[PDB]
Structure formats: C-alpha cells, structure tokens
Amino acid sequence: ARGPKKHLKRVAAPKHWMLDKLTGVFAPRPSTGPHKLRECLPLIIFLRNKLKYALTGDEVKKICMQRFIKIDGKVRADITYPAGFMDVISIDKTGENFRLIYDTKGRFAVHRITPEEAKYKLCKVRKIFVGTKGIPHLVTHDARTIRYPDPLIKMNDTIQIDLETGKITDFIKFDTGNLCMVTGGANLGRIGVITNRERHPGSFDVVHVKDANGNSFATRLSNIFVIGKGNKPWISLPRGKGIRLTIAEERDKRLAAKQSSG
Amino acid sequence: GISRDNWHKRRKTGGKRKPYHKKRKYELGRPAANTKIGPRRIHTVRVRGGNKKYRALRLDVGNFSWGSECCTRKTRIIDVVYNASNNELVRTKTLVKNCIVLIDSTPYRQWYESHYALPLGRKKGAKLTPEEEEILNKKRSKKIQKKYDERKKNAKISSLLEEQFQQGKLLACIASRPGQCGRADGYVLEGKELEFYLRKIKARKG
Amino acid sequence: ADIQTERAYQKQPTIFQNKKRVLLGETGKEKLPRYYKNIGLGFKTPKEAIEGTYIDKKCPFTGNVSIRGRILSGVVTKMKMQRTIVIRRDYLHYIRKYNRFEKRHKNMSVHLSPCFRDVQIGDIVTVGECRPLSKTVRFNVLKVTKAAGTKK
RNA sequence: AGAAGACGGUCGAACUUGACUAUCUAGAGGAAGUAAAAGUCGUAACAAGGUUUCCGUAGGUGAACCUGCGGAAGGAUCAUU
RNA sequence: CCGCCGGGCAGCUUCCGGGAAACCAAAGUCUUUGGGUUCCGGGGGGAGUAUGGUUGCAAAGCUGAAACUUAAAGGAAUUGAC
RNA sequence: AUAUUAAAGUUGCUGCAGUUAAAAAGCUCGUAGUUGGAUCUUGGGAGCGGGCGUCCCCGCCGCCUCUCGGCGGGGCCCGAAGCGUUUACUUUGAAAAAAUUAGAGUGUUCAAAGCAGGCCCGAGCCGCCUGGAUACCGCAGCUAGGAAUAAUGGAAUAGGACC
RNA sequence: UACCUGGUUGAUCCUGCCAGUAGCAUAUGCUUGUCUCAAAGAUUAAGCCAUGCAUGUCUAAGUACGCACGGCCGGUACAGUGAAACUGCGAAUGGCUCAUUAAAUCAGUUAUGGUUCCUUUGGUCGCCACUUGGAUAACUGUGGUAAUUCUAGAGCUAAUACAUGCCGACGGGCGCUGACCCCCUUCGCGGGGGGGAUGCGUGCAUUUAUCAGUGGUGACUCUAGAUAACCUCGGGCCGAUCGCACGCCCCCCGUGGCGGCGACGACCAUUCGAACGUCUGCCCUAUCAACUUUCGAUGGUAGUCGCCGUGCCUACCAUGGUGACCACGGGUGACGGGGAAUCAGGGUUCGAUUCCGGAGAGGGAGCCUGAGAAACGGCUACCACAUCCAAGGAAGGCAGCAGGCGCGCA
RNA sequence: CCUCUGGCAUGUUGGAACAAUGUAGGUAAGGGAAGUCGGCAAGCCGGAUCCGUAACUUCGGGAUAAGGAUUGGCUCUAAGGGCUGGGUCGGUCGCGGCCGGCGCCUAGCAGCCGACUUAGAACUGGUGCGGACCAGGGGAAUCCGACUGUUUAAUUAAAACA
Ligand SMILES: [Mg+2]
Ligand SMILES: [Mg+2]
Ligand SMILES: [Mg+2]
Ligand SMILES: [Mg+2]
Ligand SMILES: [Mg+2]
Ligand SMILES: [Mg+2]
Ligand SMILES: [Mg+2]
Ligand SMILES: [Mg+2]
Ligand SMILES: [Mg+2]
Ligand SMILES: [Mg+2]
Ligand SMILES: [Mg+2]
Ligand SMILES: [Mg+2]
Ligand SMILES: [Mg+2]
Ligand SMILES: [Mg+2]
Ligand SMILES: [Mg+2]
Ligand SMILES: [Mg+2]
Ligand SMILES: [Mg+2]
Ligand SMILES: [Mg+2]
Ligand SMILES: [Mg+2]
Ligand SMILES: [Mg+2]
Ligand SMILES: [Mg+2]
Ligand SMILES: [Mg+2]
Ligand SMILES: [Mg+2]
Ligand SMILES: [Mg+2]
Ligand SMILES: [Mg+2]
Ligand SMILES: [Mg+2]
Ligand SMILES: [Mg+2]
Ligand SMILES: [Mg+2]
Ligand SMILES: [Mg+2]
Ligand SMILES: [Mg+2]
Ligand SMILES: [Mg+2]
Ligand SMILES: [Mg+2]
Ligand SMILES: [Mg+2]
C-alpha cells in the first residue's frame, strides 16, 4: 500500500454484514465515518439487503438522493456512510425509523421504533477532556464532542442525546447493577446487569455480565455499553431480548413454533 | 537519499542485515542546518503531512530568560562560547541546542534598574548622575519608596552575574532546536551551572 | 565534581535550581529539590532514587521514560555496560511432534537505573518494557530480588 | 520578486581496476570404478581347499598373493588325568 | 572340616521369559511396547574411495561424499552332495 | 511419465534396530547437555443427600489484617494490602478476520453447489413467518479457580512476631 | 477400513530391499454423447515486446463575452444549453507478478504515556469592505522545427487561481505602571487605610522560561490555569473569507435587520489508516566455530537530522554485544500466513495462485508533486537493451487486458 | 645536499672558437623489445603513514610479496609531564620556632615551570606537495648449489672449495 486503501473485497468484508459470496468481487467498504468499518452497516447494505427496498446499488443511490434517508436524523446522501450502533435511520417517507441494535447473533437487527423514542439516542462516552479556557468536553463513541457536560459523566458511562439540539439529556453511570449490551466479541448482542468489574492495571479490564435468565458471562469493558439503571432499559430492545439461547434450546423453540402455531 | 533507518546496519549479534525493500521517503534525512550567527535567515521546509520545519541559517535575536528574576527580553546573540558536543561547532560559531552562547546583557540590565531601582554594572558617575536620579526622584513619596524598600535584601543578585553585567554580556544556553523551530531561545546561565561552565571555559583557555 | 563527570552539566530537567534569597546560610538543608515520580503498577520507587543525588533520564523513577507494555522477569548475567546490563530469559519451548520440549534463552539488553546500587549477577530482575532508548534496549529495571541463596 | 550559472557538501547510479566467493566446463598423460566377452596367466578362498582362515601392522611379489611380529575363533580342540 | 553373609571369575541346570535362530537368567521383565542416559545402522556395490579440512617426521589417523552401478547381498538352521 | 503421501514399525515421540543379518566409540576421565532417592496436613469433627448404627456422596474448619475504607466514642464487614515465596502443570473465562474445514438449517428436480427460502393467501394480507447457526482456531500473550506432580525460596558467625 | 502380495533358497525361518497397490498434481497418449461447476503462461526467461485498449472527472451551488447552440426581455451586468480552457479532486486504490528477502518478511500478541494522518463525522471558527491589486489561459492573431501529448512572440479577458487588506469594540473590561488626591493616627520621621488621571500590556496557535497545584491515568515532564516574553519575520496561523436557491419584517420609506444550503479554512476529537517498537515462533547446512568493532560493533553524555522513541547520524567517553540452548556464514527448486494433499493415533509433504501482509515494475540510483509515492500506465540520471532523425536532434518500459516472439514437458 | 671553524686555488698550462668523430650527462611525438645471442644499456620502482598482502613452507618464513590509498602550505583543536604549596584554631617563645587542639585536599585542588611527538579538523593553491637530496621494479616457472662463508692478486665468483 503506497497510500490509503480504497476498495473492500467481498469476503474481506465483515461477517455481520451477511454479504454473500457470488455476486461480486467487492463489498462496499464504508466511508470514513462515526464508526469503525469493522463495526458498521453501510447504508447501502441496510437498504437493499435488510430492508430490500432497493435491488442494486443504483436503486439505493436513487432512494438516498430524494434525500429521504436520515441517519441520526440529519439527511445523508452516502450509501457508504457507516450507520452503526445506536444511530437511528429515520427513513421518513414510510416513517419507519429504526435504531440498529445488535441481535443476539450480532448482526444489526432491523428494529423499528416510534417517532417519539426516535427523538433520542444513547451514547457511550470515550472521554472527558477539559479543553482551553477550562471548558470540559465529552466524546461519544460516535464522535460527538459534546461540550459542557455534567461534571459527573465519567468514562464508560452513557448519555441519552436529544438529536435535534444535540446536548446531553440525562445520563447513566456505569456501575454494578446496571443494564448493558455488549458491543463486541462472542457475547455481542447479549444483555444483562453487570455484577462485577475487575480493574487490572494497564492490561484492560474485564466485566462480567449476569443475564436475566441466569447465564453469567464475561467480556472486556471496552465492549460493554450501558442501557439502563439495573433491569429497566432506556430504549427498546429487539425481541430475543439480548438473551442468547443454546443451539439446542434454539432448535426446540423453532420446533415448537413450527407445527403447533399457525 | 540521506536516510535514517535501522535496516541498513548490523544486528545485536553483529550479522549483516539484508534489505528487503528500498529507501522510503520517511526513512529519510535532510542535510543539516548548522545555523551560524549573523543577520536573520530562515528557509522553511515541507515535512511529512505537509506542515513546516523552519530551518534557521543565520541568527541574532534570541528570546532568553533570566530565570531567577523572571524577565525574558529578546536580545542579540552576540557569540557562541562553548559547546559540549564538539569544539568545532564553537569554532565555527554554530547555534544549536545546549550551546553556551553570549547574549547582550542590556535588556536585563535596564529591567533590573526599572524594577529593583538600583544600578547594575559599576561605574564612577556618568550613568548615576543623569538617568538613575530621574528614575528615582520621588515626587510621590510614601507608597513608591515603601514598595522599593520592600524590594529589600532581595534585589541581591549573584556575584558572577553582577560581574557579567559589569562586563555586559550574559552566558546563555540555547533551549530551542534552531534547525527545526527557526528560533534560538534559551536561558541565562545562573548559579551552579554558570559556575560550572565558567570553570569549563577557563580550562579550555588554559 | 562527584556527579558532573561529563562535558555538559547534568541537571535534572523539570526542576529549577536558582530561586533563593533568605537568612540561615546559602540554600537549604537538603540544598536541592530532587524530582522523582512513582512508576506505577505497584512498584516501590526506592529510597536510593529519591534520597540519592545521581541523575538519569533513563531512570524509570527519576527521569523521563514511561513504563508501559510487557513486564518480564529475567536474571542478570552481565553488568559491563554503563547504566545497562543483560538479562537472560529462559524458557521451555514446546515442539509437538515429540511431545517434549526444548530449552531456549534470550539474553536481552536492559537499562539498569542507578537507584540500584549493590546489584550483582545471578540476581532475579523484573523489567518493565518502555520506549526504545538504545538500539537494542527497550526495558528498564524496576525490581531486583538478589536472594538466590548467596546472603542478605 | 527572481532565472541561468558557479565553490563546497550530501546521497550516489555508473564505469575502471584488483580481491574473495559459488557454480559450470577444456585438457596431453595418469590412475580408479563398474559393466559387456565364447579371451590370457595362473589357482588365493569355501572340505585340513591340500601352507586354519581372519585381523592389525611392516617388507616383498606378474597376478591372484607370500612372509615377519602380536592378536582371533568366526577352528579342524568347549575335554587329556 | 561343615555352614551363613557380601561382593568377584566362571560353571551346570530347566517349558522363567525371550529370540530367524544357533542360543541367552540374560540376549529376560517388548504390539500387555516409555527407569536414566551416551554412542550408533538404515539393500548390496562404488568405498572408508575422491575431495576439502585436520593431526602426524613419515607411515598413516580422524573427519568423509557423490556420479555411476546392481536384485539381491546377507544371517541362522535343514536335507543332501562333497 | 514424473513429483509427492499412504503403504514405511524401511527414520521409529507414539515405534524400529545394533550376539551371529547393516550396526557398541580400544579404554577411562570430562564440561556443556540430558537425568536425578526418601521426606513437611493428616486421619478426623460436624451437618444437607443416598442406599440407634455402619458404607457411599455434597457446602465447611485463602490465613491474617482492623497499621488502611465505611457496603466525642462505636459496631458491621466491604474496597485496599502482608497478593496468591516464584514458576511449570491443569481447568475456566476473555481475546481471537473472512474464505476454507468440521457442522446445524434448507428437495439447487438429485448431487457437487448455494445461502436462502417458506407461508398464508380467491391477493383485499395489499401482506406475514423466518434463517444467514455452533465447534475447532498449535505455540506465545491475558483472566480467574485447583494445588497431586516437578522445580523454587525462606531462621545456622542469627533470625519472627510484642501498647 | 488401525490391510498387504510377488522376488534371494534344493526346500526352511529371518534381515533386508527391489517390485507391485491406492491417493493427489503437472505433462502426455488414445478415446469421448448430455448437462452443471471450474483451474489455466507459476515451474523454464522478474526474457523480450508489433498494435489497440486499461484514469479520469461538473453540480442548483468555482471561473463562459467561443458565438458552438439557442432564448424571449431587454437594455438593470447577469437570463438558458454549452466545446474549450483555467481552478478543485483523483491518478498512492484497483490490476499484475513472486525476483529478492531466513527473526528479515510474516502470524499471534502487546505499545504509541515515542509520531503523522487528504478525507469522513462532532466540536470549536468576534476608509476597499455597497468588496481592493495584476496576471494569465482558452479565444484572436505572427510564427519556428525534418519530427513528439514541442512550443516562442504579439493581442485581449475571468476566479474559490494568485495576491492585497478594512469596519466590529464597549477612553470601556482586566494585568502592570502609577501625575496625584483623600481619611485616620503621631511631638514628628513613621504606621494603617482608601481612591486615582496619564502610559505600556490589553491572546486562540508558535518558541523559550518561570509559578502554583479544574479534569484525568496506573502513569506524567498529562490536561487545564497564572507570570514573563517570543513570534516558526512577507515564506507562524485562524485572526477579519468566496458561491447558490427561495425571497420577508421595521413605533419606518430608503435605510437597517433575515432563515435555508454550498464551498472554505487554524486548532481539538473522530474514522480510515499509516508508521516504527514489545514477547514467542522458520526449511536445510559445521567439508560454516567463533563472530562483531575507531567506516557504529554494544553501551553512555551532548547534540544532528527525522513526524517522533532509538548508533538514525556526528562528537567525546566506556569496552562492550552474540555464540555448542548452534551465533557468524553458506544454501535453498524460500515471498510469509490463512490454507492444500495425504492420513487410524502420531506424522509426512506442499502452499508462484483468486483473502490478509509484504516486495518489484528491464536493472540500479536520485527526486518533484502531494495528506499519502522515494510512484514507474510521474520525472532525472547511468547501464542494458531497443525507435525515427533532414545527423543538429527527439522520443521508450505488458510482472494491467488481449495479443505476439522467445523459452520450454508445460 | 647546503653552511660555520679551519683549509684551498680545480689537481703538470693559458688563450680563441664550438665542425665531424668521440668520453660523460640529459630530452624525445606515435608505437613499446618489433632491436639483440640475450631487454646488454637505460627506464620504471622507490621515503614515511594507513589499509591490504597469494602459492608454497622445514610453520621460523615467503613479505617492502602482490595490490591500493595519502603526503604541500597555513590556522586551529585534542592528547600525552614535572616541581612546590594546608599541620589554618588556641597558647606561649623569638615574619621564624616550640607545644596543644582541630583540619587532614587521603575523589585531590591551587600556583609555577618545561621538552617534544601523535592524532583530528578548517581554509588554501593552475592536483602541487618523500617537489632537491636520498631511495626495491614486479610476478609465474624450471636447472644447480641447502643456507652464511671461501676461490683463481692481473680475462673464469661459478653449479667449484668450505
Ligand atoms: Mg495494490
Ligand atoms: Mg505426537
Ligand atoms: Mg568354449
Ligand atoms: Mg536386545
Ligand atoms: Mg522398543
Ligand atoms: Mg548401504
Ligand atoms: Mg513414504
Ligand atoms: Mg502406520
Ligand atoms: Mg529395520
Ligand atoms: Mg559377517
Ligand atoms: Mg555385521
Ligand atoms: Mg566395545
Ligand atoms: Mg523426588
Ligand atoms: Mg528358485
Ligand atoms: Mg514402490
Ligand atoms: Mg488512529
Ligand atoms: Mg532460487
Ligand atoms: Mg513499489
Ligand atoms: Mg518485461
Ligand atoms: Mg521508481
Ligand atoms: Mg505497464
Ligand atoms: Mg676543471
Ligand atoms: Mg689551474
Ligand atoms: Mg699534482
Ligand atoms: Mg618515444
Ligand atoms: Mg626477437
Ligand atoms: Mg631480427
Ligand atoms: Mg639492466
Ligand atoms: Mg615471491
Ligand atoms: Mg622436474
Ligand atoms: Mg652456493
Ligand atoms: Mg682474475
Ligand atoms: Mg671477474
């Protein structure tokens, strides 16, 4: 590589895009954006695979440029704009409005929400700052330098953001006994209260998560993004509920749904 | 061209490293500033990511600071006197970081005399008669004299420095890296250091 | 003298050694104000660093250099470089055809700060990784046990 | 503002010359190995093979070989009062 | 003279058990395979040759190939023939 | 025809040989290497659970700390700390590109493949139900439990604790 | 499926090999109806290349006076399409090949508290201004050369190109300075308390120094703040900027206020990354045993350069550093890995080749542009090959896709 | 090679010319041993410093092998040595002594002297610099004699004698 890389091979593409083999060489490749390529859903895929609205990239292009689509409600004309975790996608003319939230398998579920609720989002803080002249800042995971926060929102905590105004509107401090969804690794999509956080100096920090239905499991803090004040969540969750079933329990639940219900 | 990189020298063991690539514009050097003393001359360089490196080439003014006193006027860089790396830089008179230059005393002098209200650099009665009396002459009384009396056994500057001024340059060390910054800012040798570099210079003179 | 054995004066950066004008002799009792820090991860920044007057930029306590990354134990084999030693880290590499092992040593070079006086060879040493500070060196010495048999 | 030009430096192709190194090949004559063969000279070895063979080592011999010294049994004596 | 004890040199003895066997109380405790560890062989020839190194006064020693060739060469035991 | 794998326990860790078939250095010393005897908390005690008593199974006897923090005097026991004397080992957790591979689901007409399909429905529903799993991923690095084995420390011209 | 058979002998049992047997690639022979997939100039020659193609690009929104088209409207420049040209962006990806390269590449792991980052997203962005200077292209016209994606002179004429540079702003606010003035006490010097014109500074970024200890971390010489100065001076910077669509409201008539995009910039975060570092791991090879070092070997101190940490480089010191746990060298029919073929369990072999990383563009060197190149479908050199020449000169790079020659079993 | 002390009058004559032949010195375009019995003769080489040195070998050598580089002038830097000195505070006796107590440079510092080298740098010239002088040409082979030594005073130095 002489300079930056611009293409993305289909296959080099991430798995959670459900992009198939025989269709092209390439995958889209997101744009530089508010999410890490590896952890996005390029609006193209979102539209003409998951929402099947378009058929090709062209049909995606045409939808995008009646200026319908509205990622965290601000109108985007890129197909490769990476719409990622806890953005919105107000599609407006149809009036569905989504969120993208990790399904238990971990693939950015299609998750419709009510316009009231699609007002607000939820953001993990990556840092506190103090810039010049003693103004303090935040930084959301997804880039939003807020400025002048509550001197209270510390690291790894979350913020419910208004969208229209921006500006932090009410916030939840990462502690034990606090709802969360994991945004990485194997336990991506799963949900529970916390229970335990282990500090290890330097070497980064584990956090166990006790699911509602017993299953304790763990992860590194990095991936834990909170969504509640213990049990009660500050958003809609997609059905599946961030539970995660054993392959056999899953097989049963399919087998019960088949034959009987109809 | 003139490159900086590990690949081209031997290892810990002393084997010969083979090169797998060729030179890379970033594994890269440029020929040196070795800025001399003289009238201002700076050429800016483009570096990685754009940006600038202002290679000094001649220089005269420098923003030196009398540390103790907390004044820092910008002053003539009068000569290079000593340099720890290599005696040749001193002989060529080349300004680089951690040099020991000389800088005009004058702006520090002036400020001592306007702040502390005493003189600096001893003399019979040419400086004392006209200017310092005019600097003094307390038409106010009460407040200003009380302030300058509060500047008590406190003005009490060092012996080496008082000597330097009465000569009238300062030993000064350069803190900037002229070849990259453009400037040649520094600090005035004081106390234990000054005493050390004076002892170094005397020895060199023999 | 004593400290300044070099061509340039050896001052610790950070601290200014010059503001003074009061009674009770010239300078204080301790005279200088020594800069040091603590280096973290649970390590006792020792007495001989803080008490002592020496000066080293490559001291992890009393000089600029962040410990950050891997932490490795070795054992000191030589001490013949100035302010630096070599430690031999030994380990049983696994070959899996023969479900066996092979011994293997890597005498890495290491920066020994002279907070540590009276360190000998055969002395277990725990180095902290840091920024490359010689061509070979990337590890400062942080704690030395020496208690392998031979005396207190 | 500023071109061409030039001192020096710097990287440094490239050439000229040695020096090492790896490989590949020519060669009068020499001296092997193998294989073909319906040759020549013997008869070393296997039966005590007609001088037990065999070892190590020396000298000699047209050739196999012989002899000297000290070994071996894998001998042609597990045994001789 | 008659025992016993340790440790040697061997000997005879047998369905210990092995082994292609002749044989071996070890050559046993091995497809029921692992006490420890060193040296070593990988069809027969070429060949312990050529070459390089090394040692030696020499004689020679230690290290040590290949090209080429070739279906056996070999061990043990049996019946014969001699 | 040639390379190459199995056959080949004819390269042998599993697993081969070395009296006579090919093979143990002429002998002994010897450093590196490899290998190294035995030895320290154990029965018991008390309960939940199973076939007045016996025989099998399951939480307990990480110690100390209060010199530290608090979920004008205190309790209560958690954050810190003498971190597990210091490893190996094991077990758990995390972290682990996809494709491949294994392997769920799914009549591509079968299959190799592929990742989808399937449904209600007279279509008036102007639709709906779903998949796109899981495993493995040496060695090294990281996390917690276990402490048999194997190494390794600690008091011997003396040293551990005490308003 | 955890398999064996033929061959030394007159027969026998062994040791042993040869030979068969079954997979997989490459080639080839002979054959071949149908359908679905699908490898394919790697092995030899990273040998050579005829010809064509493979990187260009315009919206409402950067410059249109071609007149090349055309309006509907004039005369208040501009109306609407628009070749060309200047400007901006891109050409650093993709594609190809596997020559080199053996702790190198590369894989896992870790650092960046040691640096850069076009863009993307989010922050910040208090007397020419009713808007300045001159220049140049296309265009028009003179031309020169045998000849090139050669250009020279003469006319003009644009800007978001290139330059230049103002109103705001509160004789006010806060730091110093302080003409002086006032009140209390005192025998009085003095002591305490107040006020205060006139001056300098009147900071985001940069450079240096000093002082203190809002927010952070296992971890600061961090972030933020105070003081002093400096400006990396026009070639520090934002300071203070150009385009498009609709078109409104004034205790008020001719002025002054206004939403909605576009483009732009300095600093910060953001992403894409990049870049160097940490720990462990690679085939044969001793007919390779010592190797490295004043021409950096391995340390140290000060610098230099570099985006930054480091012998990266220079200077002065010290004498280090690796090695039988195989260094050093040599070889490789060696790009690394994911993987592939074989397989009971163990293994063996292969991996030029569709993903990831790396390298290179006939060979070597240097460099401009630019955020990113030491780019080769960019230059400048030499060498090697080659092409026209009017002999003075000029142009070249298939290991892109096709294609050819050459090499070969391919 | 040039000079001072000291010594001399150019070695048994002078003058004028400057032809050939000579004797002794030089130089030579291009070629470079073709010359000749034969490279005879002359020519190259040469000093020092820094590298770098083969076959072969009696392991001593071969060796200055071979083969390369540098050298002037000037202006600097760095490195190499000697000597002497504190018994200071208190007491007392005559700047000097004697006693007692500190100090005790015990990492030494201070002043004062003195040869001479060597290494590095900058500038500098019409690339010239061991500027004269002095001063090895190399290599591959064979024959002989080991070697060093000796030998025919007046033709033989050799492989002869030792
Ligand atoms: Mg590419
Ligand atoms: Mg195994
Ligand atoms: Mg016949
Ligand atoms: Mg045996
Ligand atoms: Mg066995
Ligand atoms: Mg053989
Ligand atoms: Mg095989
Ligand atoms: Mg097998
Ligand atoms: Mg065998
Ligand atoms: Mg035999
Ligand atoms: Mg034998
Ligand atoms: Mg033996
Ligand atoms: Mg034991
Ligand atoms: Mg037969
Ligand atoms: Mg076979
Ligand atoms: Mg980044
Ligand atoms: Mg090769
Ligand atoms: Mg390249
Ligand atoms: Mg080519
Ligand atoms: Mg290039
Ligand atoms: Mg090309
Ligand atoms: Mg004469
Ligand atoms: Mg005469
Ligand atoms: Mg005479
Ligand atoms: Mg001539
Ligand atoms: Mg001739
Ligand atoms: Mg002739
Ligand atoms: Mg001659
Ligand atoms: Mg010679
Ligand atoms: Mg002869
Ligand atoms: Mg002689
Ligand atoms: Mg004679
Ligand atoms: Mg003679």
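Residues numbered from 1 in each chain as written, not as in the entry; some residues may be left out. Chains lettered and ligands numbered in written order. Part of a larger assembly, values for the part shown. Heavy atoms only, no water.

The PDB entry lists chain C under the name uS17, from Oryctolagus cuniculus. For the record of chain C, the UniProt heading Subunit holds the text "Component of the small ribosomal subunit. Part of the small subunit (SSU) processome, composed of more than 70 proteins and the RNA chaperone small nucleolar RNA (snoRNA) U3." Taken verbatim from the UniProt record of chain C, the Sequence similarities comment is "Belongs to the universal ribosomal protein uS17 family." (UniProt positions renumbered as here; feature names shortened; annotations may be inferred.)

The name recorded for chain B in the PDB entry is eS8, from Oryctolagus cuniculus. What UniProt records for chain B under Subunit (literature references left out) is the sentence "Component of the small ribosomal subunit. Identified in a IGF2BP1-dependent mRNP granule complex containing untranslated mRNAs. Part of the small subunit (SSU) processome, composed of more than 70 proteins and the RNA chaperone small nucleolar RNA (snoRNA) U3." We quote the UniProt Sequence similarities comment for chain B here in full: "Belongs to the eukaryotic ribosomal protein eS8 family."

Trainee: Honestly, the sheet that holds strand β11 (residues 216-220) of chain A in this entry has me stumped. Any pointers?
Mentor: Across a sheet, paired strands are connected by hydrogen bonds in the backbone, their directions being either parallel or antiparallel. All names here are of chain A. The strand order across the open sheet built from five strands is β11-β10-β9-β8-β12, with neighbouring strands paired in antiparallel fashion. Each of the sheet's edge strands pairs with one partner strand only, and the pair in question is β11 and β12 (224-226). Direction aside, neighbouring strands of the sheet carry axes that sit 45° apart on average. In this structure, strand β8 (residues 180-182) lies alongside strand β9 (residues 191-198), joined through two bridges in antiparallel fashion. Following the sheet pairing, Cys180 is matched in β9 by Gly192. (Pairing = 2+ DSSP bridges. Helix = DSSP H or I, 4+ residues; strand = E, 2+ residues; numbered from the N terminus. Axes fitted to C-alpha atoms, helices over the stretch in contact; angles between N-to-C directions.)

Trainee: Please clarify how a nonpolar patch on the surface should be interpreted in this entry.
Mentor: A cluster of nonpolar residues, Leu92, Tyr94 and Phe101 of chain C, forms a patch on the protein surface that exposes about 330 Å² of accessible area. Inspection of the secondary structure puts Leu92 of chain C in strand β2 (residues 84-95). (Patch = residues over 30% accessible without salt bridge, like charges linked within 9 Å, V, L, I, M, F, W, Y side chains within 5 Å. Areas by Shrake-Rupley, 256 points an atom, 1.4 Å probe, with all protein chains shown as cover. Salt bridge = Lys/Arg side-chain N within 4 Å of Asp/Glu carboxyl O.)

Trainee: Honestly, the pattern of salt bridges in this entry has me stumped. Any pointers?
Mentor: Pairs can form between side chains of opposite charge whenever their charged atoms are close. According to the stated counting rule, one finds 18 salt bridges over all chains in the structure shown. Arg76 of chain B is paired through a salt bridge with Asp104 of chain B; the nearest N and O atoms lie 3.3 Å apart. One end of the pair, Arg76 of chain B, is in strand β4 (residues 74-83); the other, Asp104 of chain B, is in strand β5 (residues 99-104), with 28 residues separating them in the sequence. A residue is classified by how much of its surface remains accessible, and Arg76 of chain B, at 47% relative accessible area, is partly exposed. Looking at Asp104 of chain B, the relative accessible area reads 14%, which means it is buried. The salt bridge involving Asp56 of chain C is made with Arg83 of chain C; its shortest N-O contact spans 3.7 Å. Of this pair, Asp56 of chain C sits in the loop between α1 (47-50) and β1 (71-81) while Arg83 of chain C sits in the loop between β1 and β2, and the two are 27 residues apart along the sequence. Residue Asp56 of chain C is classed as buried on the basis of its relative accessible area of 6%. Look at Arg83 of chain C and you get partly exposed, because its relative accessible area is 34%. (Buried < 20%, exposed > 50% of the residue type's maximum accessible area, 1.4 Å probe, protein only.)

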